[PDB]
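Participant: Handing over protein.pdb, PDB, C-alpha atoms and all ligand atoms.
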ATOM      1  CA  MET A   1      12.432  12.531   8.659
ATOM      2  CA  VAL A   2      12.122   8.868   7.857
ATOM      3  CA  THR A   3      13.361   6.199  10.312
ATOM      4  CA  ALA A   4      13.714   2.631   9.109
ATOM      5  CA  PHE A   5      14.280  -0.390  11.288
ATOM      6  CA  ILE A   6      15.593  -3.129   9.075
ATOM      7  CA  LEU A   7      15.696  -6.729  10.335
ATOM      8  CA  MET A   8      18.336  -8.738   8.472
ATOM      9  CA  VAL A   9      19.585 -12.284   7.965
ATOM     10  CA  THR A  10      23.269 -12.474   6.988
ATOM     11  CA  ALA A  11      25.614 -15.096   5.695
ATOM     12  CA  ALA A  12      26.997 -17.290   8.479
ATOM     13  CA  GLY A  13      29.698 -15.571  10.477
ATOM     14  CA  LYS A  14      29.258 -12.211   8.779
ATOM     15  CA  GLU A  15      27.003 -10.588  11.428
ATOM     16  CA  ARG A  16      29.591  -8.312  13.011
ATOM     17  CA  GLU A  17      31.121  -7.540   9.597
ATOM     18  CA  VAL A  18      27.748  -6.371   8.344
ATOM     19  CA  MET A  19      27.044  -4.472  11.578
ATOM     20  CA  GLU A  20      30.281  -2.464  11.290
ATOM     21  CA  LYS A  21      30.097  -1.866   7.531
ATOM     22  CA  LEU A  22      26.634  -0.441   8.100
ATOM     23  CA  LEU A  23      27.662   1.657  11.113
ATOM     24  CA  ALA A  24      30.383   3.275   8.996
ATOM     25  CA  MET A  25      27.548   4.763   6.880
ATOM     26  CA  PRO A  26      26.178   8.119   8.032
ATOM     27  CA  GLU A  27      22.594   7.105   7.550
ATOM     28  CA  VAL A  28      22.934   4.203  10.007
ATOM     29  CA  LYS A  29      22.451   5.474  13.524
ATOM     30  CA  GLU A  30      22.310   2.196  15.515
ATOM     31  CA  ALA A  31      22.816  -1.481  14.734
ATOM     32  CA  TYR A  32      22.456  -4.666  16.757
ATOM     33  CA  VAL A  33      23.435  -8.288  16.173
ATOM     34  CA  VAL A  34      20.545 -10.145  17.785
ATOM     35  CA  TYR A  35      19.447 -13.581  18.889
ATOM     36  CA  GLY A  36      15.990 -14.240  17.511
ATOM     37  CA  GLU A  37      14.331 -14.810  14.159
ATOM     38  CA  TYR A  38      16.676 -12.392  12.421
ATOM     39  CA  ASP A  39      20.439 -11.757  12.769
ATOM     40  CA  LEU A  40      20.485  -7.942  12.987
ATOM     41  CA  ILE A  41      18.197  -5.009  13.515
ATOM     42  CA  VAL A  42      19.492  -1.761  12.012
ATOM     43  CA  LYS A  43      18.211   1.786  12.548
ATOM     44  CA  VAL A  44      18.498   4.183   9.589
ATOM     45  CA  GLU A  45      17.435   7.826   9.388
ATOM     46  CA  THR A  46      17.141   9.905   6.264
ATOM     47  CA  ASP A  47      15.672  13.293   5.451
ATOM     48  CA  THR A  48      13.300  11.920   2.844
ATOM     49  CA  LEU A  49      11.639   8.811   1.563
ATOM     50  CA  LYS A  50      13.607   9.216  -1.698
ATOM     51  CA  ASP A  51      16.865   9.221   0.318
ATOM     52  CA  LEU A  52      15.880   6.025   2.125
ATOM     53  CA  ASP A  53      14.955   4.186  -1.041
ATOM     54  CA  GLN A  54      18.307   5.230  -2.570
ATOM     55  CA  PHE A  55      20.146   4.034   0.559
ATOM     56  CA  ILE A  56      18.465   0.635   0.408
ATOM     57  CA  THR A  57      19.051   0.345  -3.310
ATOM     58  CA  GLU A  58      22.747   1.285  -3.389
ATOM     59  CA  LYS A  59      23.942   0.145  -0.034
ATOM     60  CA  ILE A  60      21.800  -2.618   1.428
ATOM     61  CA  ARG A  61      20.881  -4.397  -1.781
ATOM     62  CA  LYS A  62      24.509  -4.406  -2.993
ATOM     63  CA  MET A  63      25.903  -6.068   0.086
ATOM     64  CA  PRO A  64      25.890  -9.733  -0.742
ATOM     65  CA  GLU A  65      26.358 -10.655   2.917
ATOM     66  CA  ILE A  66      22.775  -9.497   3.601
ATOM     67  CA  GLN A  67      20.492 -12.365   2.546
ATOM     68  CA  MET A  68      17.028 -11.443   3.826
ATOM     69  CA  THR A  69      15.469  -8.231   5.098
ATOM     70  CA  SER A  70      12.223  -6.990   6.621
ATOM     71  CA  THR A  71      11.865  -3.202   6.606
ATOM     72  CA  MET A  72       9.765  -1.019   8.912
ATOM     73  CA  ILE A  73       9.375   2.634   8.479
ATOM     74  CA  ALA A  74       8.237   5.432  10.725
ATOM     75  CA  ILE A  75       7.716   8.800   8.984
ATOM     76  CA  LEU A  76       7.925  11.758  11.392
ATOM     77  CA  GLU A  77       6.945  14.978   9.671
ATOM     78  CA  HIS A  78       5.387  17.805  11.616
ATOM     79  CA  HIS A  79       4.609  19.830   8.462
ATOM     80  CA  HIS A  80       3.785  17.201   5.778
ATOM     81  CA  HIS A  81       1.191  19.548   4.315
ATOM     82  CA  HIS A  82       3.209  22.731   4.474
ATOM     83  CA  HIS A  83       4.212  23.558   0.923
TER      84      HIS A  83
ATOM     85  CA  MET B   1      21.543  -5.494  31.693
ATOM     86  CA  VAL B   2      19.671  -7.136  28.778
ATOM     87  CA  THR B   3      18.678  -5.029  25.757
ATOM     88  CA  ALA B   4      16.017  -6.208  23.325
ATOM     89  CA  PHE B   5      13.669  -5.041  20.599
ATOM     90  CA  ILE B   6      10.131  -6.399  20.731
ATOM     91  CA  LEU B   7       8.335  -6.315  17.328
ATOM     92  CA  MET B   8       4.559  -6.244  17.700
ATOM     93  CA  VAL B   9       1.407  -6.928  15.679
ATOM     94  CA  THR B  10      -1.497  -4.962  17.089
ATOM     95  CA  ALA B  11      -5.203  -4.625  16.404
ATOM     96  CA  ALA B  12      -5.731  -1.630  14.089
ATOM     97  CA  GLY B  13      -6.238   1.789  15.724
ATOM     98  CA  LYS B  14      -4.673   0.785  19.050
ATOM     99  CA  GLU B  15      -1.019   1.597  18.221
ATOM    100  CA  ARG B  16      -0.723   4.943  20.000
ATOM    101  CA  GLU B  17      -2.900   3.871  22.982
ATOM    102  CA  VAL B  18      -0.639   0.865  23.453
ATOM    103  CA  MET B  19       2.457   2.956  22.634
ATOM    104  CA  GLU B  20       1.626   5.333  25.464
ATOM    105  CA  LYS B  21       0.892   2.548  27.913
ATOM    106  CA  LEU B  22       4.137   0.902  26.844
ATOM    107  CA  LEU B  23       6.251   4.026  27.121
ATOM    108  CA  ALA B  24       4.976   4.545  30.671
ATOM    109  CA  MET B  25       6.490   1.221  31.689
ATOM    110  CA  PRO B  26       9.917   1.404  33.268
ATOM    111  CA  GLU B  27      11.353  -1.356  31.091
ATOM    112  CA  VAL B  28      10.347   0.435  27.885
ATOM    113  CA  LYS B  29      12.934   2.896  26.666
ATOM    114  CA  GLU B  30      11.752   3.736  23.163
ATOM    115  CA  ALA B  31       8.677   2.926  21.092
ATOM    116  CA  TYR B  32       7.810   3.528  17.443
ATOM    117  CA  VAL B  33       4.630   3.108  15.452
ATOM    118  CA  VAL B  34       5.781   1.660  12.127
ATOM    119  CA  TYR B  35       4.568   0.370   8.787
ATOM    120  CA  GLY B  36       5.789  -2.967   7.493
ATOM    121  CA  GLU B  37       5.601  -6.576   8.767
ATOM    122  CA  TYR B  38       5.054  -5.257  12.303
ATOM    123  CA  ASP B  39       3.025  -2.344  13.691
ATOM    124  CA  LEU B  40       5.076  -1.328  16.673
ATOM    125  CA  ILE B  41       8.728  -1.655  17.670
ATOM    126  CA  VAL B  42       9.759  -1.214  21.285
ATOM    127  CA  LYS B  43      13.270  -1.144  22.786
ATOM    128  CA  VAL B  44      13.410  -2.594  26.295
ATOM    129  CA  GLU B  45      16.144  -2.991  28.895
ATOM    130  CA  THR B  46      15.783  -5.449  31.808
ATOM    131  CA  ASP B  47      18.100  -6.718  34.539
ATOM    132  CA  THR B  48      17.986 -10.322  33.408
ATOM    133  CA  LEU B  49      16.597 -12.525  30.661
ATOM    134  CA  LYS B  50      14.107 -13.930  33.138
ATOM    135  CA  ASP B  51      12.799 -10.389  33.619
ATOM    136  CA  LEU B  52      12.519  -9.904  29.858
ATOM    137  CA  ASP B  53      10.674 -13.231  29.514
ATOM    138  CA  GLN B  54       8.171 -12.209  32.158
ATOM    139  CA  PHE B  55       7.655  -8.842  30.490
ATOM    140  CA  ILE B  56       6.933 -10.524  27.148
ATOM    141  CA  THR B  57       4.617 -13.268  28.353
ATOM    142  CA  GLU B  58       2.958 -11.607  31.353
ATOM    143  CA  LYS B  59       3.055  -7.822  31.053
ATOM    144  CA  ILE B  60       2.230  -7.738  27.348
ATOM    145  CA  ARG B  61      -0.806  -9.959  27.974
ATOM    146  CA  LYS B  62      -2.338  -7.123  30.055
ATOM    147  CA  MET B  63      -2.882  -5.412  26.676
ATOM    148  CA  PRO B  64      -4.947  -7.725  24.470
ATOM    149  CA  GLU B  65      -4.615  -5.162  21.701
ATOM    150  CA  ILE B  66      -1.143  -6.666  21.191
ATOM    151  CA  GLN B  67      -1.753  -9.846  19.132
ATOM    152  CA  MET B  68       1.743 -11.094  18.389
ATOM    153  CA  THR B  69       5.279 -10.330  19.464
ATOM    154  CA  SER B  70       8.693 -11.461  18.200
ATOM    155  CA  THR B  71      11.651 -10.393  20.368
ATOM    156  CA  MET B  72      15.261  -9.844  19.186
ATOM    157  CA  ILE B  73      17.848  -9.999  22.092
ATOM    158  CA  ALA B  74      20.881  -7.783  21.465
ATOM    159  CA  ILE B  75      24.135  -9.748  21.701
ATOM    160  CA  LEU B  76      26.368  -7.097  20.051
ATOM    161  CA  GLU B  77      25.705  -3.458  19.110
ATOM    162  CA  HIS B  78      27.145  -0.080  18.203
ATOM    163  CA  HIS B  79      28.966   0.415  21.436
ATOM    164  CA  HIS B  80      31.206  -2.563  20.674
ATOM    165  CA  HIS B  81      34.718  -1.083  20.759
ATOM    166  CA  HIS B  82      32.983   2.320  20.774
ATOM    167  CA  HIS B  83      32.047   3.213  24.298
TER     168      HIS B  83
HETATM  169  K     K C 101      26.874   5.797  11.369
HETATM  170  K     K C 102       9.644   4.192  30.077
END
The structure given in the file should be rewritten as C-alpha cells.
Facilitator:
Amino acid sequence: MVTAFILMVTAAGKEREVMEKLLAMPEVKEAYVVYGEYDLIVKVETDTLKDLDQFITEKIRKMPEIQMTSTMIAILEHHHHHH
Amino acid sequence: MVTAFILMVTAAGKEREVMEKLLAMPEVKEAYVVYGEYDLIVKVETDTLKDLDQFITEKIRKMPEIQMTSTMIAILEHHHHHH
C-alpha cells in the first residue's frame, strides 16, 4: 500500500471546499485544514504507486483551487519481492 | 485538545530510531517515515497550544537527530459535521 501525505496551499477561502471535495473521494482517508506554512494536509491511500500517480494526475492536478502542493509518500509492502 | 502534524527533517539513518522514541511519547499518536520534502511526519495531540509549543521546542531538542520541524495545527478536519 502507498500512503501519501499531501500538504496544500489553496485559493483564499476555498480551504473547507477543497477539504470536503477531497474527502468525498475514496482514496482520501483523512484531511485537515491547518494553520502553518500550508493550508491543508491530506492523507491518501492507494493499492499501488500507479494508482497514486493517477489519483494525483486526474484529481489533484485538475482542481484549480489547489495552488501548491508538497507530497510525501510512505510505501508499506511486506512482500515487495514476492513475485 | 489540540491536534497537529509535525513535519521533520532528520539526519540520514536515524528515522526509525527517532520514530520509535517518538511513538513511545504520550503526545505522539502516529508516526510515518516518508520520502519527499520531509523525512518523518508525526501526528500529535496535546491539551493546549502551550503544551504543543513546549513539545516542539523542548522535547524535540532531546533528539538532535531531528534537524528541522515545521508544525501544521489542525483547525478543521474530517470529523467536521461527521462525528
Ligand atoms: K473518503
Ligand atoms: K504514543
Participant: Apply the ChimeraX specification (/A :<12) & /B to the displayed file and report the matching residues as a PyMOL selection string.
Facilitator: chain B and resi 2-8+31-43+69-82
Participant: Mind doing a quick least-squares superposition of chain B onto chain A, all C-alpha atoms paired one-to-one in order, and writing it out as a PDB file with C-alpha atoms, in the frame of the given file?
Facilitator:
ATOM      1  CA  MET B   1      14.150  13.704   3.631  1.00  0.00           C
ATOM      2  CA  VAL B   2      12.991  10.051   3.720  1.00  0.00           C
ATOM      3  CA  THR B   3      13.256   8.074   6.971  1.00  0.00           C
ATOM      4  CA  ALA B   4      13.120   4.284   6.986  1.00  0.00           C
ATOM      5  CA  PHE B   5      13.915   1.229   9.070  1.00  0.00           C
ATOM      6  CA  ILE B   6      15.573  -1.659   7.257  1.00  0.00           C
ATOM      7  CA  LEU B   7      15.062  -5.052   9.000  1.00  0.00           C
ATOM      8  CA  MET B   8      17.785  -7.544   8.118  1.00  0.00           C
ATOM      9  CA  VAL B   9      18.456 -11.290   8.182  1.00  0.00           C
ATOM     10  CA  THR B  10      22.176 -11.945   8.332  1.00  0.00           C
ATOM     11  CA  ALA B  11      24.457 -14.963   8.298  1.00  0.00           C
ATOM     12  CA  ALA B  12      25.264 -15.903  11.914  1.00  0.00           C
ATOM     13  CA  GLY B  13      28.313 -14.249  13.522  1.00  0.00           C
ATOM     14  CA  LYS B  14      28.433 -11.342  11.061  1.00  0.00           C
ATOM     15  CA  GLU B  15      26.040  -8.964  12.882  1.00  0.00           C
ATOM     16  CA  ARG B  16      28.593  -6.659  14.501  1.00  0.00           C
ATOM     17  CA  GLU B  17      30.970  -6.704  11.480  1.00  0.00           C
ATOM     18  CA  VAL B  18      28.068  -5.654   9.278  1.00  0.00           C
ATOM     19  CA  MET B  19      26.752  -3.298  11.988  1.00  0.00           C
ATOM     20  CA  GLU B  20      30.055  -1.445  12.011  1.00  0.00           C
ATOM     21  CA  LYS B  21      30.266  -1.277   8.240  1.00  0.00           C
ATOM     22  CA  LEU B  22      26.672  -0.068   8.203  1.00  0.00           C
ATOM     23  CA  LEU B  23      27.132   2.559  10.884  1.00  0.00           C
ATOM     24  CA  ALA B  24      30.078   3.990   8.942  1.00  0.00           C
ATOM     25  CA  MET B  25      27.775   4.744   6.026  1.00  0.00           C
ATOM     26  CA  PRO B  26      26.421   8.267   5.883  1.00  0.00           C
ATOM     27  CA  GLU B  27      22.843   7.146   5.288  1.00  0.00           C
ATOM     28  CA  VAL B  28      22.848   4.952   8.400  1.00  0.00           C
ATOM     29  CA  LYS B  29      21.865   6.799  11.540  1.00  0.00           C
ATOM     30  CA  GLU B  30      21.312   4.012  14.051  1.00  0.00           C
ATOM     31  CA  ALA B  31      21.838   0.254  14.061  1.00  0.00           C
ATOM     32  CA  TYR B  32      20.871  -2.464  16.532  1.00  0.00           C
ATOM     33  CA  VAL B  33      21.720  -6.134  16.781  1.00  0.00           C
ATOM     34  CA  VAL B  34      18.462  -7.789  17.839  1.00  0.00           C
ATOM     35  CA  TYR B  35      16.844 -11.124  18.581  1.00  0.00           C
ATOM     36  CA  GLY B  36      13.542 -12.023  16.970  1.00  0.00           C
ATOM     37  CA  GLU B  37      12.338 -12.431  13.355  1.00  0.00           C
ATOM     38  CA  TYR B  38      15.235 -10.245  12.185  1.00  0.00           C
ATOM     39  CA  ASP B  39      18.885  -9.999  13.255  1.00  0.00           C
ATOM     40  CA  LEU B  40      19.616  -6.358  12.671  1.00  0.00           C
ATOM     41  CA  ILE B  41      17.536  -3.183  12.517  1.00  0.00           C
ATOM     42  CA  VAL B  42      18.949  -0.059  10.914  1.00  0.00           C
ATOM     43  CA  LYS B  43      17.438   3.444  10.745  1.00  0.00           C
ATOM     44  CA  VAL B  44      18.347   5.298   7.556  1.00  0.00           C
ATOM     45  CA  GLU B  45      17.656   8.782   6.223  1.00  0.00           C
ATOM     46  CA  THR B  46      18.037   9.605   2.503  1.00  0.00           C
ATOM     47  CA  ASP B  47      17.210  12.610   0.330  1.00  0.00           C
ATOM     48  CA  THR B  48      14.727  10.764  -1.840  1.00  0.00           C
ATOM     49  CA  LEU B  49      13.028   7.400  -2.197  1.00  0.00           C
ATOM     50  CA  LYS B  50      15.170   6.716  -5.239  1.00  0.00           C
ATOM     51  CA  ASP B  51      18.224   7.107  -3.003  1.00  0.00           C
ATOM     52  CA  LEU B  52      16.748   4.711  -0.445  1.00  0.00           C
ATOM     53  CA  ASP B  53      15.964   2.177  -3.195  1.00  0.00           C
ATOM     54  CA  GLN B  54      19.533   2.302  -4.439  1.00  0.00           C
ATOM     55  CA  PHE B  55      20.867   1.883  -0.914  1.00  0.00           C
ATOM     56  CA  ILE B  56      18.709  -1.212  -0.384  1.00  0.00           C
ATOM     57  CA  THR B  57      19.349  -2.954  -3.686  1.00  0.00           C
ATOM     58  CA  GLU B  58      22.894  -1.808  -4.481  1.00  0.00           C
ATOM     59  CA  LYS B  59      24.754  -0.809  -1.324  1.00  0.00           C
ATOM     60  CA  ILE B  60      23.446  -3.684   0.783  1.00  0.00           C
ATOM     61  CA  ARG B  61      24.553  -6.155  -1.903  1.00  0.00           C
ATOM     62  CA  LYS B  62      28.188  -5.141  -1.210  1.00  0.00           C
ATOM     63  CA  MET B  63      27.755  -7.131   2.030  1.00  0.00           C
ATOM     64  CA  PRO B  64      26.719 -10.681   1.136  1.00  0.00           C
ATOM     65  CA  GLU B  65      26.488 -11.405   4.847  1.00  0.00           C
ATOM     66  CA  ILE B  66      23.108  -9.642   4.633  1.00  0.00           C
ATOM     67  CA  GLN B  67      20.710 -12.300   3.251  1.00  0.00           C
ATOM     68  CA  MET B  68      17.336 -10.589   3.380  1.00  0.00           C
ATOM     69  CA  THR B  69      15.971  -7.128   4.012  1.00  0.00           C
ATOM     70  CA  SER B  70      12.447  -5.766   4.525  1.00  0.00           C
ATOM     71  CA  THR B  71      12.191  -1.956   4.637  1.00  0.00           C
ATOM     72  CA  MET B  72       9.503   0.094   6.453  1.00  0.00           C
ATOM     73  CA  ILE B  73       9.198   3.732   5.100  1.00  0.00           C
ATOM     74  CA  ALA B  74       8.090   6.198   7.782  1.00  0.00           C
ATOM     75  CA  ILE B  75       4.983   8.130   6.723  1.00  0.00           C
ATOM     76  CA  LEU B  76       4.119   9.508  10.200  1.00  0.00           C
ATOM     77  CA  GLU B  77       6.072   9.514  13.479  1.00  0.00           C
ATOM     78  CA  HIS B  78       6.511  10.991  16.933  1.00  0.00           C
ATOM     79  CA  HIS B  79       7.236  14.467  15.748  1.00  0.00           C
ATOM     80  CA  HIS B  80       3.732  14.745  14.296  1.00  0.00           C
ATOM     81  CA  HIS B  81       2.268  17.785  16.071  1.00  0.00           C
ATOM     82  CA  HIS B  82       5.290  17.535  18.395  1.00  0.00           C
ATOM     83  CA  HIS B  83       8.204  19.307  16.825  1.00  0.00           C
TER      84      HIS B  83
END
Participant: What does the distance from atom CA of residue A:59 to atom CA of residue A:10 come to in Å, to one decimal?
Facilitator: 14.5 Å
Participant: Quick one: which chain A residues come within 7 Å of ligand K 101 (chain C), and what is the nearest atom pair for each with the distance in Å to one decimal, counting only C-alpha atoms and all ligand atoms, rows ordered by chain and ascending number, as CSV?
Facilitator:
residue,atom,partner,partner_atom,distance
A:23,CA,C:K101,K,4.2
A:24,CA,C:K101,K,4.9
A:25,CA,C:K101,K,4.7
A:26,CA,C:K101,K,4.1
A:27,CA,C:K101,K,5.9
A:28,CA,C:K101,K,4.5
A:29,CA,C:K101,K,4.9
Participant: What gap, in Å, lies between atom CA of residue B:66 and atom CA of residue B:9?
Facilitator: 6.1 Å
Participant: Between B:11, B:22, B:17, B:56, which has the minimum distance to ligand K 102 (chain C) (counting only C-alpha atoms and all ligand atoms)?
Facilitator: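 Counting only C-alpha atoms and all ligand atoms, the residue closest to ligand K 102 (chain C) is B:22.
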Participant: Name the residues in contact with residue A:1 at a cut-off of 6 Å, using only C-alpha atoms, excluding same-chain residues fewer than 6 positions from it; report them as a list in words.
Facilitator: residues 46, 47, 48 and 76 of chain A
Participant: Counting all atoms listed in the file, I want the residues whose atoms come within 8 Å of (-1.0, -4.6, 26.1) in the file frame, returned as a list in words.
Facilitator: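 Residues satisfying the cut-off, written out: residues 18, 21, 22, 59, 60, 61, 62, 63, 64, 65 and 66 of chain B.
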